[PDB]
Every structure is written in C-alpha cells, then in structure tokens.
RNA sequence: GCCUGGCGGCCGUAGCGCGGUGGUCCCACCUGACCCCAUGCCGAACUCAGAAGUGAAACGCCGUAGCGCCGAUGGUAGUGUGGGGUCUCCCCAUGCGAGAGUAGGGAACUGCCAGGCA
RNA sequence: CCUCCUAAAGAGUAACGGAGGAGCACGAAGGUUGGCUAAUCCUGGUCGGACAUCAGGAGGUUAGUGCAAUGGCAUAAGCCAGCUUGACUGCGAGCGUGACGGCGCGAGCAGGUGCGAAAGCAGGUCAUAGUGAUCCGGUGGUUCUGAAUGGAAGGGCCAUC
RNA sequence: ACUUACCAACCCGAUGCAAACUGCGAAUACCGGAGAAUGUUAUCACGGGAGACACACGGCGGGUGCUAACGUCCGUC
Ligand SMILES: [Mg+2]
Ligand SMILES: [Mg+2]
Ligand SMILES: [Mg+2]
Ligand SMILES: [Mg+2]
Ligand SMILES: [Mg+2]
Ligand SMILES: [Mg+2]
Ligand SMILES: [Mg+2]
Ligand SMILES: [Mg+2]
Ligand SMILES: [Mg+2]
Ligand SMILES: [Mg+2]
Ligand SMILES: [Mg+2]
C-alpha cells in the first residue's frame, strides 16, 4: 500500500485540478507494471536464463514467467518456441510496493544518476525505461551475482496522452529530467 | 472484450442444444443480480423465469446475486417450471463457468425437482 | 521439369438435391474438403469424417442459407 | 517406415491382442494401456509394445 | 523490351482474343493512339513504336503506354519433333482488341502529336487511329 | 407508452466514423480477496464477498451520409435455337440477358419474458 | 498414389499439356472438459541491431493446420491445460463410387469404457496421398475336422506375420 | 547527423491483364416433382447369341502446334 494511498489522498486531487476532468474516473491511473528481462543468450547459456528469472523473482514479488521466441528467425540464431526471456506483470499491492522501492531506493542507486527521461512515452501515456545492471535493487545479493544483466520496466496507465501520463508519474516524486 | 468473450464461450453449447432441440434452462449472472429463464426450443419464447430482480425473490435475501441469492432463483424457476409441468431440460451456463453462484441455482433446481 | 501426373476421379459434389425423397440416410452431397462448402443442418447432419453431408432421417433435401454471413447448410424436411 | 509393429496383449488369459506400432527409438518403454477384450467381454490392461 | 518482372507461372495457354477493348478512352494525356483492330502487339513492337513516337516530339511532351505484354508466347524450336513437352517462352505479347487505347501523349500541339502517332503507327501490326481527350 | 436487461428471428437498407446523450432502477466500470475457484507470472481474465464512487471507459439511445451496404431504368457483354459473312473474329431473327456504372435507397425491422418510472 | 488447371458452372473427360507432392509421422500430434486466439505495420523500451523478448495502438485470419495442392476451419478444424485410451469388440438401416476385385461415408442397436454437473462427445488424426491381390509358409487361439478305434500329424475357422 | 537530376515497397487516387485470380455472374446443361399429348416399350430386369475396342471429315468449346497442316489430343453435335 502506501503509494496507492498517496494516490487517492493527493494526486487524483492534483490531476483533477490540472485538467479539471468531469469525472474522477477520467483521471489517469497506473494500471500495471510489466518488467521483463530478455536473456537472448539462453540460446547458449540455458542456465543464464534461470539466473535472470530468479533475478526478476528477487526484484519482483513473485514467480517470473519465461517467454519463448514468438517465431524462429536466423538473424539472431533463434528457433520458434525457444526459451529466450522472462517477464513479470505487477498489479495491486505488489505493483505499488515495487513502484516505490523503484523510485524510493533503487532508481537512486543508478550509476551517478541525473534523472530519468520524460520523453520515454509511447504516445498514449505509458512509460518504459531500462536499468542496464540491476543490483540497484537491494533484493539482489551482490556477492551472489553472476552478471550485470539489467532489465526493463514499462508502466502502463489509463492515460490517453503523454501529456497526461507524465503529469501522473509527475505527481509521484518520480525523478525525470 | 469480456461480454464478447463470454458469448463465444457460450456459443457452441447453445448451438448443440438447439441442434438437439431441447427446452433449456438459461442462467445469466451479474455483479448484483442473477436471472434464470426456461426457454422453449424454438429459441424465441420463454415459458418460465425467475430472478433476484423481482420484488419477491429478493425482499428476503441478504444480498442479491451471491451464492445464497442464486439458490433462491434456482429453486424458484425450478418450482415455477414444475408448475407448468416443464420437467426435463438442459442447463445453459451461457459462458459463465459451471461453478459459482451458477452451480447453486443449478443445484437448487434439481433439489426442487428439475431434470438435468 | 517433368510435368504430368494427376489424382483421379473422386467424384464429389451434390448427389441428392432440391426437394428429393432423400431416403433414410443417403450421402446427399459429398463435397468433402468442406464441412464448409455445405454445412450439416436439420434432420440431416452427421457430417462424416470426410465432411460428407448425409441424411439423418428420411425426408426432402433442403439447402438454405443462415446468418454467420451467408453460410450454406443442407437439411432434410419431412415429406 | 522405420516405425515398428508392436502388439498389445490381453492381461487376462485369452489369446487376445490388438496390433499396432511404435517408434522403437523415441519410445523404448513397453507400451501399456487398457482396451476391450472380447473373449472376456471386459476392459482389461493390455501390455507389450517392443 | 518490357515484360513481367516475375510470373506466378512460366507459360500461358493460348486462349483466344474475342470481345471489345476495355481501357477505351484517353485518360492521361490530351491525345491517344487507339487500336481499331484485333491482334497482338509484341514487346519489340510496343517499343519500336514508342521510340518512333518519342524521337519526333523530341524533348517535349509526356507519354503513356497503356498496353503491356505479360503474355508468354512460346515457340517449338526448328528441327525438333511434335509434342515432347511444351515449348520455350521466346517473347512476350499483349493481347489487344478493338478499342484498346495503346498510347497517350501530353505536352504537345495536336498536330505534332498526330504526326508522331502516325509514325509510331507504321510500326504496328494492327490498324489504329487518333483520339482526342473528350469531356465525357 | 417511454427506459433497461435477457433469449431468439432477419443476417450489413442491420456496420464503421463524427457529434450528442443516459445512471432511481437495470448495465457497466467499481471495492475487497484468507478463502470457493484462478494466474504456464499477474484477482487482467476466471471467481467469491460486497456497494464508498462514476457513468471516464464500455454499453444503449438520438442525430449525422464521410466511408461501407442496398440499388433501378436504359444501354453494353455474353448466350440456347435458326439463318449468314469479309469465319483467328463477327452479323441477322428469336428467346434468356449480366458485371460495372448511373439515378436513388439507407443512420434496421421484429417476437417471447422480466425489471424500473409514468 | 495425391492436389490444381486443361474440364466447356452436376459427375466424368486426352496428350511425351501446364505445376507440384506421397511410399511417412504422432501413445499424443488421439479422446474429452475447461480455457485461449494469429499475421503485418506504427510508437515507446537495458544489453538488442532492420529482425529475438516487454508495452500501447492500429489490424482483424493475409497467421496457423507435422507434409503438396486445393477446398475447409473462429461454435474453430488453430493454441494450452486436467483427466484419459472410443486409435474399443460385435454389427449396421441407408448412401456413394467402381466392368470387376474393391474402396468410401453412415446414423442407429448390443456389450464394455473415457471425459463432462449436465445436455452430451469419442469406433483416431480438418479432409482428400502414406500403398501390394492370390499362392505358399510362420506365430497365437479355437476338439470344427482327424482315412479301423482312441489319440496324433495335417486340414478349417478367428487373429496376426 | 545532412545530403544526393540515385532506385523506392507500403499507403492513396487514377488505368489495364489472369488456365492454375474472384467481395459479381449468365445463356445453357444436368438432378428432382407433377402433368398432358405422342411414340409398334422407345424403359428396366433376367436369360440365349453377337459383333466391336485402327476411325474419318465438318460445326461449336478447348489443349498441343505457327488460332500451320487433309496435324495432333479431348468435349459435344
Ligand atoms: Mg459514440
Ligand atoms: Mg461517455
Ligand atoms: Mg446490375
Ligand atoms: Mg465439372
Ligand atoms: Mg458441364
Ligand atoms: Mg522499434
Ligand atoms: Mg424386349
Ligand atoms: Mg485395343
Ligand atoms: Mg482405339
Ligand atoms: Mg476420337
Ligand atoms: Mg486427321
């Protein structure tokens, strides 16, 4: 909870007045957070995948679902139906908890850090950023690591426009430029 | 779509029940309400019905549309149908899984005297 | 580059038709490769493993056309 | 075509058996599974399959 | 010169060339050179004509070729026999029926246009005739 | 009578799009989730227990011809029979007669049961 | 042997006509119950690019179907999971298609079985290729026969090689 | 990163082509039902006896060939 709460008391408040929506329902809301690994190299390190996966597991509440290769193509050396990545969809409590440990204590550990980008918007109020080396997540035991890996989270919201989407995360501390 | 989904879920059975020509007991559910209809095989005329949306079946239920409520409607259409001598029918979940409040109402139907 | 060769016969196509004293259970229409060209309808169906439409009970052959956008359908009315 | 003719045999007395085939390689384990035995008019475990 | 860059099949049947033409009136340029006969212009023909046409107006004008081959036409070699497999695509033809508008031309005085068309005509195997734009 | 929901008929003159509009009730989103039951991860979906909020979304209704769709008349194409030619193609007599396009139609019609307000 | 055209809108239709496939696969790639729904393009996103996985939006079956072609498939016939062995034995009104040998489709009845709350579905696989008559001989079962009699050998019958 | 009298798919509008294209679609042919006239039953079955399985030209629709052949292969008269 917590951040969820912060959303209703303050935030919807914020966004209603920013855009004076008729209905509260009309106010953007973070729908889900879907963080994915994408091993690419399990095609040789079948074991690398399991690592990554257990990584996403650590970082995120629970069990990573591993994704096969939607279709085989020769470019990258991949047969169709080949375990070549793992992902995790976040909702309710676990989505918020991670939305927080994300901006609260992990986005900070990023390199030098100088802010996330606010142009990383798909055109319909949905985020997407990379992390290039997890570790920034305490849940990972540095002394037990095996590679830098890095994952990529993207935030899907009910916003209709980047204009709005931005404003939304804008209203959680959420870094940015 | 959700309601879209339910229908194609619902479509095969329906059709096989029409193929077989059989007065069917048709259930339909909603967050707040549960309805039941016994519908002649021509597909276009209902013989019997009952649902939590009727003053009576309701004027004595904690909440409409919940396991308990369902039950009432089951035993309802059950008797009502038995009233008109409509015995023997085929249950039609209409996309909803056979399990929920749907199973009651269904079960209640039997325990009332309905054949299926 | 070495052309030639061909399957053979197969017959196939409608065999009963229109009103017609389709007997107890005749193979009326045998355009297999279909279960589609024509669709199992009224008191005739089965539609056998090779999509063959046959009389499920004797009567007159029908042929109609329903509402999943056209869609053929052959059936058997009582005579 | 490489794939062999197996022979499933009635667990009951009966000299009865069904007749099929398995890919002996990919499926080395003697194939078991129930089928109808007409001399005993019952469903009995049939075994035997390479 | 001119022909399908690719073809679902290598060889066509032969069929027949009945009926009136379908692309029938000037709809790109201000003037046309219409068929008026039945038969088949071949590639080297549509070209020979095109050329003549062009070198004539010189620089100016625009040109449109409405017909285009796409028909295989084979030929059993010489002292080979009858039958043993169908022959080899040797050249391409476009079937053309009376009414077919063959060329259109654009940025040029009526006169010259006709002149040019008269010259391209003399390279064609079918009788032809000069058409103007028409309002409807 | 207006409104809504459910089960069908007909299966685009029934759709899509734009605009507008409705929430007492029905619908919907919605709230909660140990649990029934569920997530090849996720209460998204399935589901249970509810009802603080909203009709934003979706849904229904009203408008609207941008598109879709329907669509004459007249002519053209082809074609059975019988004749004929300048027989790779064509014409005449007679019967059948498209496709495309044109004018124009069109913002469905309809039955059973229930529920709400008049 | 199979699919398409040639084939003249029922079937059939030739050529040393035009084009391609088969001589297998699968105990799940069969059954059923429950569930789900591609391709392609635009946009955003660590390593990751034109193209591997994540998000959204258009799209709406151009995807998919073990395999050629065609015809089908959203109620899916495509995709997944649980439980399974109906890839059952005996039969079969009544059709197709063959000169014939034969091949093919089939509801329904009997016994017995799986899935499903039930209605119900299942006698393999979206369908149509994936094959070899007769003889002779082998293997199992079966007193049907068995050259004076009882047996046996051999013969028959059912399965199968 | 810009650019270039380079080529440029897709998309949009305009114009054609198809045996193995089809969101259309005939004429005829073929199947079924009734009916009347008319036909030395022309129909079907069973049985006795055959011959025949080298065809040709012509019309129409086609394949092959050169819309060559008193060519060649099918359909139909
Ligand atoms: Mg609207
Ligand atoms: Mg609204
Ligand atoms: Mg018309
Ligand atoms: Mg035919
Ligand atoms: Mg014909
Ligand atoms: Mg991209
Ligand atoms: Mg006689
Ligand atoms: Mg001979
Ligand atoms: Mg001969
Ligand atoms: Mg002959
Ligand atoms: Mg001759």
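Protein chains in written order, with the UniProt record's numbering: chain D, 2 to 178; chain E, 2 to 117; chain S, 7 to 85; chain C, 4 to 53; chain P, 1 to 136.
Note that beta-carbon positions come from the ideal geometry of N, C-alpha and C, so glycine has one too.
Looking only at its own chain, which residues have a Cβ that is under 8 angstroms from the Cβ of residue i, when we skip the five neighbours before and after it?
i	result
residue 54 of chain E	34, 36, 65
residue 134 of chain D	149, 150, 151
residue 101 of chain D	3, 4
residue 41 of chain E	24, 47, 48
Are residue i and residue j touching if we call contact CB-CB under 8 angstroms?
i	j	result
residue 33 of chain P	residue 94 of chain P	no
residue 49 of chain S	residue 80 of chain S	no
residue 121 of chain P	residue 105 of chain P	no
residue 105 of chain E	residue 71 of chain E	yes
residue 73 of chain E	residue 62 of chain E	yes
residue 11 of chain P	residue 84 of chain P	no
residue 122 of chain D	residue 167 of chain D	yes
residue 132 of chain P	residue 26 of chain P	yes
residue 55 of chain D	residue 40 of chain D	no
residue 59 of chain S	residue 72 of chain S	no
residue 73 of chain P	residue 46 of chain P	no
residue 60 of chain E	residue 113 of chain E	no
residue 33 of chain D	residue 157 of chain D	yes
residue 7 of chain E	residue 96 of chain E	yes
residue 116 of chain D	residue 177 of chain D	yes
residue 123 of chain P	residue 21 of chain P	no
residue 138 of chain D	residue 119 of chain D	no
Taking 7 angstroms as the limit between beta carbons, can you name the residues of its chain near residue i, skipping five residues before and five after?
i	result
residue 107 of chain P	60, 61, 62
residue 56 of chain S	38
residue 24 of chain P	99, 101
residue 40 of chain S	57
residue 12 of chain D	172
residue 90 of chain D	33, 35
Taking all protein chains shown into account, do 16 or more other C-beta atoms lie within 10 angstroms of the C-beta of residue i, making it buried, or fewer, making it exposed?
i	result
residue 42 of chain S	exposed
residue 67 of chain P	buried
residue 46 of chain S	buried
residue 90 of chain E	buried
residue 126 of chain D	buried
residue 77 of chain D	exposed
residue 25 of chain S	exposed
residue 128 of chain P	buried
residue 65 of chain D	buried
residue 1 of chain P	exposed
residue 140 of chain D	exposed
residue 41 of chain C	exposed
residue 32 of chain E	exposed
residue 7 of chain P	exposed
residue 117 of chain E	exposed
residue 19 of chain P	exposed
residue 125 of chain P	exposed
residue 58 of chain E	buried
Near residue i, which residues of its chain fall below 6 angstroms by C-beta distance, leaving aside the five closest residues on each side in sequence?
i	result
residue 129 of chain D	121, 155
residue 47 of chain C	13, 14, 15, 40
Exercise for review: Please confirm if the region 61 to 73 of chain D is in contact with the region 22 to 33 of chain D, defined as three or more CB-CB distances below 8 angstroms between the two stretches.
Suggested key: no
Review point. Three or more C-beta pairs closer than 8 angstroms, one from the region 93 to 102 of chain D and one from the region 2 to 14 of chain D: is that the case here?
Key: yes
**Study point:** contact_flag[the region 59 to 70 of chain S, the region 24 to 44 of chain S] where n(CB pairs < 8 angstroms) is 3 or more
**Key:** yes
Check your understanding: If you pair each beta-carbon of the region 3 to 22 of chain D with each one of the region 58 to 68 of chain D, do three or more pairs fall below 8 angstroms?
Key -> no
Review point. Is it true that the region 38 to 54 of chain P meets the region 65 to 80 of chain P, where meeting means three or more beta-carbon pairs spaced less than 8 angstroms apart?
Key: Touching, yes.
**Study point:** Three CB pairs or more closer than 8 angstroms across the region 23 to 30 of chain E and the region 106 to 115 of chain E
**Key:** A contact exists between the region 23 to 30 of chain E and the region 106 to 115 of chain E.
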